[PDB]
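Participant: Build me a structure from this.
(9 chains, ligands or ions: 5)
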Amino acid sequence: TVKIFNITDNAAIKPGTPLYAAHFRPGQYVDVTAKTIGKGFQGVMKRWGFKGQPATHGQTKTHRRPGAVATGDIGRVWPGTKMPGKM
Amino acid sequence: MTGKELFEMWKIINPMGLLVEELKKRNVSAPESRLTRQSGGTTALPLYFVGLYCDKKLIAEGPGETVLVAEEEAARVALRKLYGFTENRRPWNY
Amino acid sequence: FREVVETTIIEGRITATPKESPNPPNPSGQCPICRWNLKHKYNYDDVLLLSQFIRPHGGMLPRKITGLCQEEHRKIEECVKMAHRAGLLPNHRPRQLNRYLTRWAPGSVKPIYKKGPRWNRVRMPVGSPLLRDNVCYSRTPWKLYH
Amino acid sequence: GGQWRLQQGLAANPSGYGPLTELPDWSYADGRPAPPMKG
Amino acid sequence: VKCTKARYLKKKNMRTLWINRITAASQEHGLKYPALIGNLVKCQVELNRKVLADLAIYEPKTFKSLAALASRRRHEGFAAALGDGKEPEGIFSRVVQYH
Amino acid sequence: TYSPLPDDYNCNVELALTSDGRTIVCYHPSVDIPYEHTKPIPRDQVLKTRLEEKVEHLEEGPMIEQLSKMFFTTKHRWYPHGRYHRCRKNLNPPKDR
Amino acid sequence: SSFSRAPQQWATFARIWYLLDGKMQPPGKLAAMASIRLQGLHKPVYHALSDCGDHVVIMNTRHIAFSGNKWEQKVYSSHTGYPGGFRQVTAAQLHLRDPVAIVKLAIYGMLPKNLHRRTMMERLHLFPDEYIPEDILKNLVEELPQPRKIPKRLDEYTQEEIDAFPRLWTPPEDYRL
Amino acid sequence: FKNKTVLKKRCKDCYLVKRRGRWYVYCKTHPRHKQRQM
Amino acid sequence: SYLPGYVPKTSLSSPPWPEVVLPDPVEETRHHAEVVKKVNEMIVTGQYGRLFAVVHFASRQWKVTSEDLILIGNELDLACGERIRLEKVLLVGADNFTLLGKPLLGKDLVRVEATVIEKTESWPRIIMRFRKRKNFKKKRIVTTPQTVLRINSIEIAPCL
Ligand SMILES: [Mg+2]
Ligand SMILES: [Mg+2]
Ligand SMILES: [Mg+2]
Ligand SMILES: [Zn+2]
Ligand SMILES: [Zn+2]
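Facilitator: Numbering: from 1, shown residues only, chains lettered A, B, ... in the order given. Ligands and ions are numbered 1, 2, ... in the order given. Let me share the structure:
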């Protein structure tokens, strides 16, 4: 992996140079960026934490589904609606 | 031969050469090429209007996409004007 | 004019005063505007006339001293406000968005978030209804609302 | 220019009773007058 | 049905194109289209919009002649309006009479 | 000293009326571009001067953005067309003058 | 003109690069003449299928002027189509973000609403300041005249103009001013 | 302040000022007399 | 001394358009005479070529030149191959001069000669009426007769 770091002009270091872990010191604060653990295609309960439907009390094949996705006046679903997908 | 032009009927190669020979044999100075008008130039679709001058007097002007083809078209215009076969010339009397 | 200085010692002196140009074209007029035949022939651009009728610090002189009638005085006042907002008086200052024909003070108008239907449209005012009566020189009158 | 033409008496339409609309369109090349137009 | 009604639309659109091109050429000469048209009609020159656009494209010097003529007629009309009396009618504001 | 239009861009329009006043005569010789208004025309030791043939093949995206930037057009002109339209096109169009 | 057919066509349908200045101009007057020149409606050879638009280069778009209180009243609305995407920014805020946005939007609204519009937009070139790239500067022909007339601030008046304008009124000789 | 369509001066010390495009009744001695134009 | 009516230079004191003074009529008339004489000598010498004319014909205006074709949309009671004189000449022009009628040029000044060379029919034009839900459908097919003329000559004579 190559990553691009934004620096000012006084922090220029020659290309081809080695960097080690003592570039950082104890007792400080850092930000760590990484690609998270992929979960595949997940539904709304695991992806978004939706409450879902109860198990018993007459329920037909609906325990883990999104309910209404929008209102009836709009004949569409709003962009950014939380749906199953890649997590 | 009604609706055709001179260099569609009679193909020539060096209109600048023919023009300088005609001007030399009728005793006027050699024509100078100058860039009269110019649009674009750094684009892929320029326009160059190149004029041919003799003793600081305009004898021709011609358009083109490059300076060289504009100069060639101006030479053709000058040849048509000298030879009398111009587009607004008198039509044939039938 | 008259000046006062402080140095405690305060005193005022009378300095040189400009005079009216000798032969007005309409000597029977009442206001200076009516006298010099400018009744509907000036705008906010005419900073020569407005500078004749303002104070050294951008404010305005009153009617009993300018000799102006009330319509003309209110028209000069609006022209002077519009000229100040257009920046046409750089030296008559107190104590970047470019403008002209500015009726209201720029910090007092709220943005028109909801324009109306085109029978009830909220228009933006331009110019001055007091300068509505100026000479048109055109077959279309002044548009006071845009 | 209809109101101007009316002020000059020259109809309002240029295709009304002028020489432009009533003179013959053509004639024979030797000079014989054409048969009259149907309009 | 579209063919039959498009005959009317064809005539209307061609007049619109002629007015557009006359507007363009007149504005190149500094005039406006109402100025050109009205003052040509006042000069008794009865060229229509079709041949006026055709002259705008293929005979620019003839169109500049027409534009200068219309501009001069406009100036004569303005001068007559300011004069308001019985000053002479103007060279190009004379009207040929037919009986 | 009066001119209805400036006489320095196309032709020198001079208007006239005949003595009977029935015809208008326009005299308009062209205006020639002056010399002073023009501008002059702009102007390995051991091996052969080898001709520099490089043609970097570009993908559809970079090629279309290069063409569109060069001609000041959008990408939609450069995207292809299908066989229906390709066979609908008239390849022997009528030609006048 | 006794040209050949291909050079005659090239001369007739060649593109021109017009130059337009900002600096105290109303965006809509700039936009009206820019839309005319971008469509090609200034040519008598105009047709909507003739593709006869030209290039318009507007500079000093940071120094435009709005008449009235349009800087504080006129609102530009957009909607990022997410629930809550509705943004309404004043002309002042839009100008302080993007100094070409106001002129660009005025020209965009005045161009015809067809599939040629974004082509004309890509032949439109806008620059906020006096700086123009060198290729464009070698491309330009005909700086078009400015629609507004620059009302000439008081300190710019010559002393000849100042003393030629008559003094209208006599001030009293005892007033403080 | 209280919103009024008709602004009335309830004292001799009330004064009318047009600020930020609206009329206001201000009273430095009786602050309950403060009025804002609608 | 300011004249009575003197308004000082403000923005609205004077009209925005520049002041225009027209030429004095007698000098202008002599100028018209000299311009017409110059154009007449140009016609006499023959310093022209390739005239065009705007000609009124069959309710329409045609901008014709020599060796031209025009398609008139009605029958013209003339046999094919027949020379006629077009007469209602609104304009005749050339390079360096044009002549304009008010509204028509005199026939002693310009002569347009054309020739009927074809008498034919137009391609079939479909006239269809249809109104929906009211059973309104009619079809008609017409062919308009037509005449193709060739403009032979445009001749001007010294008469100005
Ligand atoms: Mg549960
Ligand atoms: Mg069941
Ligand atoms: Mg179950
Ligand atoms: Zn007064
Ligand atoms: Zn109170």
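Participant: Chain C: strands as residue ranges?
Facilitator: C:2-6, C:10-14, C:98-100 (DSSP state E).
Participant: ditto for chain D
Facilitator: Secondary structure of chain D (DSSP E): strands located at D:26-28.
Participant: Find the closest residue to ligand 4 in it.
Facilitator: When scored by Cβ to the ion, chain D has residue D:3 as its residue closest to ligand 4, at 40.1 Å. In this view, the C-beta of every residue, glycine as well, is placed from N, C-alpha and C.
Participant: That residue: what's it in contact with?
Facilitator: Contact criterion Cβ atoms under 8 Å, 6 or more residues apart in numbering or on different chains gives residue D:12 as the residues in contact with residue D:3.
Participant: Give me the distance from the helix ranked longest in chain C to the chain's centre.
Facilitator: Longest helix in chain C by number of residues (criterion: DSSP state H): helix C:70-86. Averaging C-alpha positions (Cα atoms, centre = their mean, to the nearest Å) puts helix C:70-86 2 Å from its chain's average.
Participant: For residue E:24, find the nearest of the strands of chain C.
Facilitator: Between residue E:24 and these, the shortest gap by Cβ to Cβ is with strand C:98-100, which sits at 30.9 Å.
Participant: hmm, back to that, which of the strands of chain C sits most buried?
Facilitator: With neighbours defined by mean count of other Cβ atoms under 10 Å in any protein chain shown, none of those is more surrounded on average than strand C:98-100, at a mean of 19.
Participant: what's that one packed up against?
Facilitator: Other helices and strands packing on strand C:98-100, by 3 or more Cβ pairs under 8 Å, 6 or more residues apart in numbering or on different chains; DSSP states H and E, are helix C:70-86, strand G:65-67.
Participant: Can you tell me what sits against that strand?
Facilitator: Contact partners of strand C:98-100, identified using Cβ under 8 Å, 6+ apart, comprise C:44, C:82, C:85-87, C:106, G:24, G:63-67, G:71, G:151.
Participant: Also stretch D:22-31?
Facilitator: Counting by Cβ under 8 Å, 6+ apart, residues outside stretch D:22-31 touching it are D:33-34, D:36-37, I:56-58, I:83-88, I:104, I:113-114.
Participant: Looking at the residues you listed, which are in strands?
Facilitator: With strands taken from DSSP E, the overlap with these comprises I:56-57, I:83-86, I:113-114.
Participant: Spatially, which two of these are the most separated?
Facilitator: Spatially, the most separated pair among the ones in strands among the contacts of stretch D:22-31 is I:56 and I:83, at 19.1 Å (Cβ to Cβ).
Participant: Same drill for those two, tell me which one is more crowded.
Facilitator: Set side by side, residue I:56 and residue I:83 show more neighbours around residue I:56, with 23 against 15, by other Cβ atoms under 10 Å in any protein chain shown.
Participant: these two touch, right, that one and residue D:19?
Facilitator: No - the pair residue I:56 and residue D:19 does not pass the contact test of Cβ atoms under 8 Å, sitting 10.4 Å apart.
Participant: Phi and psi next, for residue G:19.
Facilitator: The main-chain torsion angles of residue G:19 are listed as degrees, to the nearest 10 and equal phi -120, psi 130.
Participant: same question, the one 4 residues further on
Facilitator: Dihedral pair for residue G:23: phi 60, psi 80, per degrees, to the nearest 10.
Participant: ok, now which ones touch it?
Facilitator: Residues in contact with residue G:23, defined by Cβ under 8 Å, 6+ apart, are G:60, G:63, G:146, G:150.
Participant: Against ligand 4, how distant is it?
Facilitator: Between residue G:23 and ligand 4 the computed distance is 37 Å (Cβ to the ion, to the nearest Å).
Participant: Check residue G:8 too.
Facilitator: With the distance defined as Cβ to the ion, residue G:8 ends up 65 Å from ligand 4.
Participant: and that residue, how many residues sit next to it?
Facilitator: In terms of burial, residue G:8 registers 16 neighbours under the definition other Cβ under 10 Å.
Participant: And for residue E:65?
Facilitator: 28.
Participant: Please report the number of neighbouring residues for the nearest residue in space to residue H:20 that is not next to it in sequence.
Facilitator: Distance criterion Cβ to Cβ, 6 or more residues apart in numbering or on different chains; nearest residue to residue H:20, sequence neighbours excluded, is residue C:108 at 4.7 Å. By the other Cβ under 10 Å criterion, the neighbourhood of residue C:108 contains 13 residues.
Participant: Was I right to think residue C:108 contacts residue C:102?
Facilitator: No - no contact is recorded between residue C:108 and residue C:102 when judged using Cβ under 8 Å, the distance being 11.3 Å.
Participant: Could you tell me how many residues sit around residue I:72?
Facilitator: Residues near residue I:72, counting by other Cβ under 10 Å, number 20.
Participant: distance of the residue nearest to residue H:20 from chain I?
Facilitator: Taken as Cβ to the nearest Cβ, to the nearest Å, the spacing of residue C:108 relative to chain I amounts to 27 Å.
Participant: The longest helix along chain B and chain I in contact?
Facilitator: In chain B, ranked by residue count with DSSP H as the criterion, the top helix is helix B:67-83. No - using Cβ under 8 Å from any Cβ of the partner chain, no contact is recorded between helix B:67-83 and chain I, whose separation bottoms out at 12.5 Å.
Participant: hmm, that helix in reach of chain G?
Facilitator: Yes - Helix B:67-83 reaches chain G (Cβ under 8 Å from any Cβ) through B:69-70, B:73, B:76-77, B:80-81.
Participant: and the end-to-end length of stretch F:56-76?
Facilitator: With Cα to Cα, to the nearest Å applied, stretch F:56-76 spans 23 Å between its terminal residues.
Participant: can you map out the helices along chain B?
Facilitator: Here chain B has its helices, by DSSP H, at B:6-9, B:15-25, B:67-83.
Participant: In terms of distance to residue E:22, which of the ones in strands among the contacts of stretch D:22-31 ranks first?
Facilitator: For residue E:22, the nearest member of the ones in strands among the contacts of stretch D:22-31 is residue I:56. The distance, counting by Cβ to Cβ, is 19.0 Å.
Participant: Many thanks, I have nothing further to ask.
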